[PDB]
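**Student:** One structure coming up, written as structure tokens, with questions to follow.
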Amino acid sequence: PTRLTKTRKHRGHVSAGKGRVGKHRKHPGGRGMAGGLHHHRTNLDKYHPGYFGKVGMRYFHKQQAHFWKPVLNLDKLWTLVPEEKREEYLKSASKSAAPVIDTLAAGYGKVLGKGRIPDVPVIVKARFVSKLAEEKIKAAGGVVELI
Amino acid sequence: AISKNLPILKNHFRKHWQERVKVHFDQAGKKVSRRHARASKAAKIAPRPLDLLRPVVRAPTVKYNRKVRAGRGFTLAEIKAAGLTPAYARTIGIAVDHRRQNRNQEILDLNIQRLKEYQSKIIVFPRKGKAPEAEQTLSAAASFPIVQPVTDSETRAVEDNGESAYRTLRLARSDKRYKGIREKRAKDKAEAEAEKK
RNA sequence: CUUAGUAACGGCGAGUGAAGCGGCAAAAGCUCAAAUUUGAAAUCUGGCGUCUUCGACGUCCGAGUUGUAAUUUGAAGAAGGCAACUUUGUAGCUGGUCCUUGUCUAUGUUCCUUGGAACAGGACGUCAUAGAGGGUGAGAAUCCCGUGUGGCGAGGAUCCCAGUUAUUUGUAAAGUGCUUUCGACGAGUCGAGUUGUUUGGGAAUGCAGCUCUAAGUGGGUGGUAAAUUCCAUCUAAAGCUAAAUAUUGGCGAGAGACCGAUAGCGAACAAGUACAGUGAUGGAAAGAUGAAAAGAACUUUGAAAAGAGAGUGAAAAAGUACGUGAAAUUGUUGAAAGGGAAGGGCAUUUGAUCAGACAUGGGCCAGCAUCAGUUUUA
RNA sequence: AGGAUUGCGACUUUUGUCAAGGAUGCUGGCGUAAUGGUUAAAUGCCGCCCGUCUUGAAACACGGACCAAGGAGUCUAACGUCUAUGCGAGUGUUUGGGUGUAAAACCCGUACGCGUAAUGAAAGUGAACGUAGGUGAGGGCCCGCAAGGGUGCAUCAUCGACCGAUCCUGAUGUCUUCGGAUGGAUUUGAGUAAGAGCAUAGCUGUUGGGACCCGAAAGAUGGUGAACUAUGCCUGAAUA
RNA sequence: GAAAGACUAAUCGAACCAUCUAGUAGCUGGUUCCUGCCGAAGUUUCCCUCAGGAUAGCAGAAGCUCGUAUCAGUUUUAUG
RNA sequence: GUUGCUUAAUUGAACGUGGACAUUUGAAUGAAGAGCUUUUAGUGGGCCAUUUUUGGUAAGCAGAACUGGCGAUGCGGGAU
RNA sequence: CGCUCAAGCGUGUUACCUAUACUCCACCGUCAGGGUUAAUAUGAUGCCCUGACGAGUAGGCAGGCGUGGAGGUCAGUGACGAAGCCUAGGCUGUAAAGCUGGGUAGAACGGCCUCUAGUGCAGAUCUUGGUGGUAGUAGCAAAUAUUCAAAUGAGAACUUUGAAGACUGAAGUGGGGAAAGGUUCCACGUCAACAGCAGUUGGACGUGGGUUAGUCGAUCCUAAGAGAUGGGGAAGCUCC
RNA sequence: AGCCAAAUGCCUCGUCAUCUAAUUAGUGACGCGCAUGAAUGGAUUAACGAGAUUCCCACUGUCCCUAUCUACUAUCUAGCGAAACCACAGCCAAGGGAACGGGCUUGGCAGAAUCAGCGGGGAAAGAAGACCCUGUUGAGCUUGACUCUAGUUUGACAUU
RNA sequence: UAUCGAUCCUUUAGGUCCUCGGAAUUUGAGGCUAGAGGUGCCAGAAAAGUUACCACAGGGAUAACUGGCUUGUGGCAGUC
RNA sequence: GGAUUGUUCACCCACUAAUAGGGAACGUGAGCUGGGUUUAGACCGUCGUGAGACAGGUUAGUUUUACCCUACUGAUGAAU
RNA sequence: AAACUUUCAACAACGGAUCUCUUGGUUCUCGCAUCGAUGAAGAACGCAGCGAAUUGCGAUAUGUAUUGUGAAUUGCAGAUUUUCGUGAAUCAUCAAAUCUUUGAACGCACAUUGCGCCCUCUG
């Protein structure tokens, strides 16, 4: 919409929202991040920090593939099991018939502790696990199989 | 040049970018060219499908090893296992790949079943006289789909034995870090200096 | 399409910046050198002759043994022995298919008003798998060309398919089970040092010059320089190949919430033209009478151009200095004012000119009295 | 001014009356250029020429003889706050495929982006002592005739708990040098504590782009000129 | 160039013609319709900063949680 | 009451449990609603007056302090 | 201007003049605080009540007026006259503007709800095109010089013939060529423009006619120079 | 060695002599000469000079001191017919004001339309100051400024 | 109450530490935590002249000429 | 009235009644002149390694347009 | 009082804005692959009954032959009768020919319509 803008409304006045003294010239400061250490230090000391310099060490030929491992909290856990088979499983599984939850098929690396799960045997399969995550599962009844 | 409280952007437009711009106006028209091309090819070929029959293959890396996918060609070992030559297979609508190898009994069986299912369902016309035509099925992928292998038992026993999965990972990882120096510490003390004794 | 404005690069400042996997479009694979046909250079150019002439057959010189055919290419493969055999090929004729084309296939010009002219308005119909667009004296489905639906020819391309007819390939060409011996693989190259250049490539990504110069379980790579020991992966230093992808040039077709003659290409017109420069080059302006030229016969004034009349036409307030014909700027007539400028604002007066509910039966302008609100003066 | 009545009152023996929440009554003239409207001149008083840079312009500061048409914050790639819309721990059909009355409209789903977890340079590890904790304030609701008591979301302040880094402590065990139990610390993070985001569209602001419009002295690449004039060579001519 | 920075097609202290090129400018000039409401600054710190920017201050808009609060460019008593 | 602080201590110090005292919410005056958050414009050459005041013989000169004006502002008066 | 026991100077006591300031009333807008469809026609965005305030450059936000195209809708208007243009006619709005009478003219164009932009000009020593004052003015003065009749013609200071005066004075206003131009040479017709006065004349305009070589030139030879080939450079255009 | 207040001397119009009635000039001597001087050439010098400077003779409207004449313009008429410039225009004095008004303020005043002249004003026209300063804008020339480079020269390896 | 210094680079101290991404061992290089090598234009570029042959963009924010304010100085006149 | 100097100022020789001092955009360049300062040619000295510099000296060097308005000097002239 | 100056209106000038029109532009999509020593692209000079330019063609010169359609061309002439046809036409079509002098340009030269050499027929 060209009619709703403010340049339509400025037709008549001389400066067009830019002042008589300042003038609106081409490039008064510079051209993109120019004079970061000299005359735009007060901007970069505020608001940003840590901009100049270099922390850490280099990685040559890095791949976003070795570093995968998407986490999964124990709050979610039961969402991997279907909705039909839930009111059935929550009321009486009681060993020798526990619902197997393969996390890697859904797309999760490390089973990880946060929530407080109900007292039912689970038998979970996962690549990695936290120390707390195992304590909560054994308190319920189940176990953790590695892959 | 800078200064409010905005994120530092990275816009790479300091070359003559306007001279090398493309706008895809052809998207709609180019779709009809491909649908026309796929249709006109089927008219020339007539009773055969447009696609070659491809095998089932497992994917690489840690990110994608948990899924199966349609490969390139059937290998020379699997083509032999069914009961046919590689030169003959290329003219029946079966893709061959001379460089892929087999190090898995599970994938070896699956693709032998895939060839036997293919050979049974297709018919072949002779070179000489009669040719009893039976329409055309276009997509080979439709009739021969790719299904994910099931390694599942929904309800199952709970066999615990006080091992702790977390403790197993910490011990196993420590062995990889220290087997280098632990071999060399054993090559001294017990060997070299004490084999001299 | 994602990876990613990421891993790296950079007076680590400004700024620069890939690729693997994953999802799709499209998929097609292959050939030489290095082995002795050695019980028969088996191969090929040209000349001369004859035929069904993009060729085929026969014959005579030449090329070539310092290597032309057949045979084999690392996925293999060859030479022997044992063993079962499943396959075959080359012309033209007609038809379809694909192009270039030509022709055929519905329905009112009925009545009345306006007009120079119906293609306008009103009344009554007709056709519709045709109410896209254009033409005709003003907005036409039905006046004309077309459009829609489907027929019917002609002339090329021909192997893409289908169906036939000759042939006549064969004792030769191909494929596969077992077992024994072998299994030829590209050099001033690979690789190393050094200089210059380039990349995201960091003790050096590729390329090039110069000096050094290999190997046979060998050589290359595995993104930090070395020495030592393993593992995983391919086989360089010779070569061919459709498709998905590009396209401000050329030849042929469609469209547009684009411009409407100071716009849009420099150019809607005899435009790269007229014209300028020694020369490389530079480079304009300029569209519209009327439906039809019916483009003004004839008289009279004038040396003539033209003028007055007349005449054409719906109109000459359309006369080829032509549709409409604004402003600056000028002439004539009318009204007003004017003692070193004019031109404005508030308020009257005079002069000009102009809207607005006294019409049915035949509002405008003031004055006095008693009150309310605000004040003033004795 | 207003446009039925409603109110406060006063005077009334009473009904009623009234100067009491804003003007009614009676009369005359004319009914049209008379009153008003615009327009031109005259008379009284007042009035410097606009636009612009500037502490300051009528300026002896700059641009402006006059008229017509043209003529200047636009579009895009990444973005920030606010606002509307749809779905909501999810969200996004449109690279591509299927269809079609054909660039439209309609339908389809693997992936993939962002979000659901952080902190470290990295190796890595990875969020409940307790009603997801107490204290002070808190809208609203609940009990009560009230006084007051109960329950207290959002949010603000404040002291604790939990996860990561940092610095100490170093239990049972054990390839005798690995392993890290438990307990701590004037340290420290863009964390957890009954999730809020993703997509489209709009005004305003940002950075790259010709970047609101016109304006240099320069620099670089590839070409054309000795008919003027500078100098040498070859061949001619001219000077009482 | 018998020397004046002379002449080199009216062009010379570095010719002319096209292209890169819409070269860059902290500097000059311009920047197109009405009413309505609010209404500034020329000051602090840093800068090859002094005809210029960043940063705070002043201004507008959008509002959110509440509803007489613990407030005031002021006075008084006490006390520095 | 609370403790690993502190005490010769059964003391102290912080944060508390329950309890007593609301006309007289413990000076005056006013209150135009109070508190708070995000975002972005222009500006960053200033100048004059009354007192205080430094340099200078002095200046319609230069440079500070406290309020008020002009700049951004017409209107009545100072003839202008 | 003029003023002298003031119309001067110092002081006192009254009246009177007067700002967009102050008080009161009418109307406009903005902001706040209320009341109301309880069937009760017409806009709940409605219809009322009460109170305060109004200057403003740079700047910000709000509500409207107009221009060119796109989707919808008034079965809108129109050759019985659409658009445009002119008008000391009229009506509405604070205004941007809109509606309408009279004239001119001869084919298309409006309102209301939305979409969209190459969307509004007085200035830029702005760009292109046109026209003024200045002004019937500056001026049309160097190369010694013209005069009298006759003819043609509508028309003669300027053309053709006669007569008289003059000049260049043979290093010339004479007779021929080179470079360069290209029909300007020559005849017949004829004056719209050009010949800065005029025009019957013309190097103008219209239509034709005209350049004859064995011996004059070019052609042929070489000059200062230029320039293939055989060769050698250079990625190459090409260089020696 | 020479030469001089010299085209080289600041203090200066140097001091002495001569030319004139009178000379910041001219010529001749003097010289601790701001800062003369020997092929970055010193001193002298016949002829020559559209070179610079002083005086004398003759000559004259340069001057005391202006006057007169001739042609061609201007002037008037017939015909033909432009440009620069221009916000709007054109009477003065004082005041205040961006400190020197043609317009504002207070006085003087003020009469159609016009023609020759003229240079007092219009801070009159000409050209986005060339002098001066500023710009983080340039170019020409110079050099022990900073970083390079063709050419040349020395050494090593190849040609061997 | 004064006596001094970022990024990047080099360097030293410290730890039974982390990394060289096909797997190991030793050298080597790269990281994590604190010092030193200096920017005096001291919130920190690496930098010599000249133009009278000159150029462009601007400036009365700023000199050389008048005019105005001022009168030390110059000039003229009083007082005891 | 004259000598010298581009001069303002200065210093002399005479005459004379006397040879007083000043202003008017430091009056007066579309009124003249161009000796001076003040561009480019060139020479000398001091200074500079050099290009060049010198409030040192010396010589050669471009002075445009009125026809308009007012002003002044003269000259006609409608209407009582 | 006129003339003269200034403002307005009607008619007439000057000039070409405004309004309506449009065989041209600009962008986007879709299809196809074809220049030349058999002499190309470009250049000069010619050709019509009456043409200067533009449009066509090359001394066979606004074209010839071949095929299709079936009566024109038109500013003014003029035919031809070809008009129940092996045929009008500035028509469409296009497969046989012509193609001046040049140009990559080719006998050697080329500010020249310059100068040679070989085979062959006729004077």
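Letters A, B, ... go to the chains of the structure tokens in the order shown; residues in each chain start at 1; ligands are counted from 1 in the same order.
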Hey, what's within 9 Å of residue 272 in chain C if we count only C-alpha atoms (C1' of nucleotides) and toss same-chain stuff fewer than 3 positions away? As a PyMOL selection string, please?

**Tutor:** chain C and resi 266-267+283

**Student:** In range 11-196 of chain B, what's strand (DSSP E or B) per DSSP? Answer as a ChimeraX atom specification?

**Tutor:** /B:53,56-58,68-70,94,155-156

**Student:** Using only C-alpha atoms (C1' of nucleotides), select each residue of chain A with any atom at most 9 Å away from an atom of chain D, and give the selection as a PyMOL selection string.

**Tutor:** chain A and resi 1+4-7+16+21+31-32+55-57+71+112-116+130

**Student:** Would you pick out the contacts of range 120-128 of chain A at 7 Å or less, using only C-alpha atoms (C1' of nucleotides), so that residues sharing its chain but fewer than 6 positions from it are not included, and give the list as a VMD selection string?

**Tutor:** (chain A and resid 93 to 95 98 to 104 109 to 111 140 to 147) or (chain B and resid 158)

**Student:** Take the residues from that selection and write them out as a PDB file, in the first residue's frame, keeping N, CA, C and O atoms.

**Tutor:**
ATOM      1  N   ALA A  93       0.164 -52.326  33.880  1.00  0.00           N
ATOM      2  CA  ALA A  93       1.093 -53.060  33.016  1.00  0.00           C
ATOM      3  C   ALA A  93       1.676 -54.200  33.854  1.00  0.00           C
ATOM      4  O   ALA A  93       1.548 -55.373  33.496  1.00  0.00           O
ATOM      5  N   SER A  94       2.309 -53.835  34.972  1.00  0.00           N
ATOM      6  CA  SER A  94       2.685 -54.760  36.055  1.00  0.00           C
ATOM      7  C   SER A  94       3.642 -55.902  35.668  1.00  0.00           C
ATOM      8  O   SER A  94       3.434 -57.051  36.070  1.00  0.00           O
ATOM      9  N   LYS A  95       4.680 -55.568  34.899  1.00  0.00           N
ATOM     10  CA  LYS A  95       5.779 -56.488  34.536  1.00  0.00           C
ATOM     11  C   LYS A  95       5.360 -57.625  33.596  1.00  0.00           C
ATOM     12  O   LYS A  95       4.182 -57.977  33.501  1.00  0.00           O
ATOM     13  N   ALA A  98       5.428 -54.794  29.471  1.00  0.00           N
ATOM     14  CA  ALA A  98       5.683 -53.350  29.531  1.00  0.00           C
ATOM     15  C   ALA A  98       5.833 -52.761  28.121  1.00  0.00           C
ATOM     16  O   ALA A  98       6.401 -53.416  27.244  1.00  0.00           O
ATOM     17  N   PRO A  99       5.342 -51.521  27.903  1.00  0.00           N
ATOM     18  CA  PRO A  99       5.371 -50.927  26.562  1.00  0.00           C
ATOM     19  C   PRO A  99       6.767 -50.449  26.153  1.00  0.00           C
ATOM     20  O   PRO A  99       7.297 -49.523  26.763  1.00  0.00           O
ATOM     21  N   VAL A 100       7.342 -51.069  25.121  1.00  0.00           N
ATOM     22  CA  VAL A 100       8.702 -50.743  24.669  1.00  0.00           C
ATOM     23  C   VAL A 100       8.701 -49.399  23.935  1.00  0.00           C
ATOM     24  O   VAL A 100       7.923 -49.204  22.997  1.00  0.00           O
ATOM     25  N   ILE A 101       9.576 -48.490  24.370  1.00  0.00           N
ATOM     26  CA  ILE A 101       9.673 -47.134  23.816  1.00  0.00           C
ATOM     27  C   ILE A 101      11.054 -46.948  23.181  1.00  0.00           C
ATOM     28  O   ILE A 101      12.041 -46.693  23.878  1.00  0.00           O
ATOM     29  N   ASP A 102      11.114 -47.090  21.855  1.00  0.00           N
ATOM     30  CA  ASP A 102      12.345 -46.865  21.094  1.00  0.00           C
ATOM     31  C   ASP A 102      12.457 -45.377  20.753  1.00  0.00           C
ATOM     32  O   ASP A 102      11.713 -44.867  19.911  1.00  0.00           O
ATOM     33  N   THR A 103      13.387 -44.689  21.416  1.00  0.00           N
ATOM     34  CA  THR A 103      13.563 -43.241  21.257  1.00  0.00           C
ATOM     35  C   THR A 103      14.243 -42.849  19.940  1.00  0.00           C
ATOM     36  O   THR A 103      13.923 -41.804  19.368  1.00  0.00           O
ATOM     37  N   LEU A 104      15.177 -43.679  19.473  1.00  0.00           N
ATOM     38  CA  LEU A 104      15.949 -43.397  18.255  1.00  0.00           C
ATOM     39  C   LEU A 104      15.108 -43.408  16.970  1.00  0.00           C
ATOM     40  O   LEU A 104      15.420 -42.679  16.025  1.00  0.00           O
ATOM     41  N   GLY A 109      18.416 -38.719  20.816  1.00  0.00           N
ATOM     42  CA  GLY A 109      19.697 -39.319  21.186  1.00  0.00           C
ATOM     43  C   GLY A 109      19.767 -39.703  22.650  1.00  0.00           C
ATOM     44  O   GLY A 109      19.772 -40.888  22.990  1.00  0.00           O
ATOM     45  N   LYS A 110      19.812 -38.687  23.511  1.00  0.00           N
ATOM     46  CA  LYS A 110      20.027 -38.861  24.948  1.00  0.00           C
ATOM     47  C   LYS A 110      18.721 -38.721  25.732  1.00  0.00           C
ATOM     48  O   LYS A 110      18.102 -37.654  25.723  1.00  0.00           O
ATOM     49  N   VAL A 111      18.302 -39.803  26.392  1.00  0.00           N
ATOM     50  CA  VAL A 111      17.198 -39.752  27.358  1.00  0.00           C
ATOM     51  C   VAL A 111      17.715 -39.026  28.597  1.00  0.00           C
ATOM     52  O   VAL A 111      18.804 -39.328  29.090  1.00  0.00           O
ATOM     53  N   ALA A 140      10.451 -46.499  39.320  1.00  0.00           N
ATOM     54  CA  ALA A 140       9.172 -46.940  38.756  1.00  0.00           C
ATOM     55  C   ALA A 140       9.106 -48.464  38.632  1.00  0.00           C
ATOM     56  O   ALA A 140       8.124 -49.078  39.056  1.00  0.00           O
ATOM     57  N   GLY A 141      10.154 -49.060  38.059  1.00  0.00           N
ATOM     58  CA  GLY A 141      10.221 -50.513  37.861  1.00  0.00           C
ATOM     59  C   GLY A 141      11.074 -50.982  36.692  1.00  0.00           C
ATOM     60  O   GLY A 141      11.715 -52.032  36.776  1.00  0.00           O
ATOM     61  N   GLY A 142      11.082 -50.213  35.604  1.00  0.00           N
ATOM     62  CA  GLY A 142      11.727 -50.622  34.355  1.00  0.00           C
ATOM     63  C   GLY A 142      13.245 -50.591  34.318  1.00  0.00           C
ATOM     64  O   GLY A 142      13.910 -50.517  35.353  1.00  0.00           O
ATOM     65  N   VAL A 143      13.775 -50.650  33.095  1.00  0.00           N
ATOM     66  CA  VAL A 143      15.219 -50.690  32.829  1.00  0.00           C
ATOM     67  C   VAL A 143      15.564 -49.844  31.600  1.00  0.00           C
ATOM     68  O   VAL A 143      14.667 -49.341  30.916  1.00  0.00           O
ATOM     69  N   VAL A 144      16.861 -49.684  31.333  1.00  0.00           N
ATOM     70  CA  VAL A 144      17.350 -48.942  30.167  1.00  0.00           C
ATOM     71  C   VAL A 144      18.307 -49.812  29.351  1.00  0.00           C
ATOM     72  O   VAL A 144      19.351 -50.232  29.858  1.00  0.00           O
ATOM     73  N   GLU A 145      17.945 -50.073  28.094  1.00  0.00           N
ATOM     74  CA  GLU A 145      18.778 -50.839  27.162  1.00  0.00           C
ATOM     75  C   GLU A 145      19.588 -49.891  26.278  1.00  0.00           C
ATOM     76  O   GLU A 145      19.053 -48.898  25.779  1.00  0.00           O
ATOM     77  N   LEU A 146      20.869 -50.208  26.083  1.00  0.00           N
ATOM     78  CA  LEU A 146      21.770 -49.389  25.263  1.00  0.00           C
ATOM     79  C   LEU A 146      21.820 -49.887  23.818  1.00  0.00           C
ATOM     80  O   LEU A 146      21.565 -51.063  23.546  1.00  0.00           O
ATOM     81  N   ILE A 147      22.154 -48.975  22.904  1.00  0.00           N
ATOM     82  CA  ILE A 147      22.201 -49.260  21.463  1.00  0.00           C
ATOM     83  C   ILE A 147      23.344 -48.496  20.794  1.00  0.00           C
ATOM     84  O   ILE A 147      23.730 -48.799  19.666  1.00  0.00           O
TER      85      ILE A 147
ATOM     86  N   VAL B 158      10.762 -57.553  31.670  1.00  0.00           N
ATOM     87  CA  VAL B 158      11.591 -56.545  32.339  1.00  0.00           C
ATOM     88  C   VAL B 158      12.697 -57.260  33.124  1.00  0.00           C
ATOM     89  O   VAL B 158      12.569 -57.506  34.327  1.00  0.00           O
TER      90      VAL B 158
END

**Student:** I'd like the interatomic distance between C1' of residue 140 in chain G and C1' of residue 64 in chain J, to a tenth of an Å.

**Tutor:** 23.8 Å

**Student:** As a PyMOL selection string, list the residues of range 60-125 of chain B assigned to helix (DSSP H, G or I) by DSSP on the backbone atoms of this structure.

**Tutor:** chain B and resi 61-64+76-82+86-89+105-121

**Student:** Would you list the contacts of residue 31 in chain B as an NGL selection string, taking every protein, DNA or RNA residue within 12 Å and counting only C-alpha atoms (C1' of nucleotides), but skipping same-chain residues closer than 2 positions in sequence?

**Tutor:** (:B and (24-29 or 33-38)) or (:C and (25)) or (:D and (96-98 or 102-103))

**Student:** List every residue of chain G that has an atom at most 8 Å from any atom of chain A, giving for each one its closest atom pair and the distance in Å to one decimal, counting only C-alpha atoms (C1' of nucleotides), sorted by chain and then by ascending residue number, as a tab-separated table.

**Tutor:**
residue	atom	partner	partner_atom	distance
G:58	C1'	A:19	CA	5.7
G:59	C1'	A:17	CA	7.2
G:116	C1'	A:1	CA	7.0
G:117	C1'	A:2	CA	6.6

**Student:** Rounded to one decimal, what separation in Å do you get between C1' of residue 198 in chain G and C1' of residue 81 in chain H?

**Tutor:**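 Interatomic distance, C1' of residue 198 in chain G to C1' of residue 81 in chain H: 15.7 Å.
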
**Student:** Which polymer residues have any atom within 9 Å of an atom of range 7-9 of chain B, counting only C-alpha atoms (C1' of nucleotides), with same-chain residues fewer than 2 positions away left out, as a PyMOL selection string?

**Tutor:** (chain A and resi 33+48) or (chain B and resi 2+5+11) or (chain D and resi 78-80+207)

**Student:** Write out, as a PDB file, in the first residue's frame, the residues just selected, with C-alpha atoms (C1' of nucleotides).

**Tutor:**
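Final output, saved to part-v2.pdb:
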ATOM      1  CA  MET A  33      30.335  -0.872  11.141  1.00  0.00           C
ATOM      2  CA  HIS A  48      26.912  -5.879  22.470  1.00  0.00           C
TER       3      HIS A  48
ATOM      4  CA  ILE B   2      25.490   1.313  13.006  1.00  0.00           C
ATOM      5  CA  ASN B   5      20.275  -1.708  19.781  1.00  0.00           C
ATOM      6  CA  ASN B  11      24.419  -8.852   3.942  1.00  0.00           C
TER       7      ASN B  11
ATOM      8  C1'   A D  78      18.382 -10.026   5.929  1.00  0.00           C
ATOM      9  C1'   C D  79      16.187  -7.673  10.353  1.00  0.00           C
ATOM     10  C1'   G D  80      14.074  -4.923  15.507  1.00  0.00           C
ATOM     11  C1'   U D 207      22.379  -2.118   7.035  1.00  0.00           C
TER      12        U D 207
END

**Student:** What residues in chain A lie within 12 Å of chain I, counting only C-alpha atoms (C1' of nucleotides), written as a short mmCIF file (atom, residue, chain, number, x, y, z; two decimals) with N, CA and C atoms, in the first residue's frame?

**Tutor:**
data_model
loop_
_atom_site.label_atom_id
_atom_site.label_comp_id
_atom_site.auth_asym_id
_atom_site.auth_seq_id
_atom_site.Cartn_x
_atom_site.Cartn_y
_atom_site.Cartn_z
N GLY A 36 34.61 1.19 14.34
CA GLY A 36 34.15 0.45 15.52
C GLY A 36 34.99 0.70 16.76
N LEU A 37 36.31 0.82 16.55
CA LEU A 37 37.26 1.09 17.63
C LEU A 37 37.48 2.59 17.92
N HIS A 38 37.09 3.46 16.99
CA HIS A 38 37.39 4.90 17.07
C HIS A 38 36.20 5.75 17.54
N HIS A 39 35.18 5.92 16.68
CA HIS A 39 34.05 6.82 16.96
C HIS A 39 32.67 6.14 17.08
N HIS A 40 32.63 4.81 17.00
CA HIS A 40 31.45 4.03 17.39
C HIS A 40 31.81 3.03 18.50
N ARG A 41 32.70 3.45 19.41
CA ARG A 41 33.08 2.63 20.57
C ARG A 41 32.00 2.70 21.64
N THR A 42 31.43 3.88 21.85
CA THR A 42 30.37 4.09 22.85
C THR A 42 29.10 3.26 22.57
N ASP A 45 30.63 -0.63 23.20
CA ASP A 45 30.88 -0.88 24.63
C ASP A 45 29.56 -1.18 25.35
N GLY A 50 31.98 -8.27 23.98
CA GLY A 50 32.66 -9.45 23.44
C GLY A 50 32.89 -9.49 21.93
N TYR A 51 32.79 -8.34 21.27
CA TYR A 51 32.75 -8.29 19.80
C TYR A 51 34.13 -8.52 19.19
N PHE A 52 35.09 -7.68 19.56
CA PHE A 52 36.47 -7.81 19.09
C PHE A 52 37.19 -8.90 19.88
N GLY A 53 38.23 -9.49 19.28
CA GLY A 53 39.02 -10.55 19.90
C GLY A 53 38.69 -11.93 19.37
N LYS A 54 39.16 -12.96 20.08
CA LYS A 54 38.99 -14.36 19.66
C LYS A 54 39.28 -15.36 20.78
N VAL A 55 38.22 -16.01 21.27
CA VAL A 55 38.33 -17.06 22.30
C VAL A 55 38.37 -18.44 21.64
N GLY A 56 39.09 -19.36 22.26
CA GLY A 56 39.05 -20.78 21.89
C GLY A 56 40.03 -21.19 20.80
N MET A 57 39.82 -22.40 20.29
CA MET A 57 40.71 -23.04 19.32
C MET A 57 39.92 -23.52 18.10
N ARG A 58 40.65 -23.73 17.00
CA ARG A 58 40.04 -24.00 15.69
C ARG A 58 39.66 -25.47 15.49
N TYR A 59 38.64 -25.69 14.66
CA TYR A 59 38.22 -27.02 14.21
C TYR A 59 38.21 -26.99 12.67
N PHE A 60 39.11 -27.75 12.05
CA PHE A 60 39.19 -27.83 10.59
C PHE A 60 38.29 -28.95 10.08
N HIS A 61 37.49 -28.64 9.05
CA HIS A 61 36.56 -29.59 8.43
C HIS A 61 35.53 -30.12 9.45
N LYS A 62 34.80 -29.19 10.06
CA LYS A 62 33.76 -29.52 11.04
C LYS A 62 32.48 -29.92 10.32
N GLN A 63 31.80 -30.94 10.84
CA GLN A 63 30.57 -31.47 10.25
C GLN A 63 29.45 -31.49 11.28
N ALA A 65 27.01 -33.40 12.20
CA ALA A 65 26.64 -34.81 12.01
C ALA A 65 27.22 -35.68 13.13
N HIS A 66 28.52 -35.51 13.39
CA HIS A 66 29.16 -36.02 14.60
C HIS A 66 28.48 -35.42 15.83
N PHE A 67 28.29 -34.09 15.80
CA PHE A 67 27.58 -33.36 16.84
C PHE A 67 26.07 -33.34 16.55
#
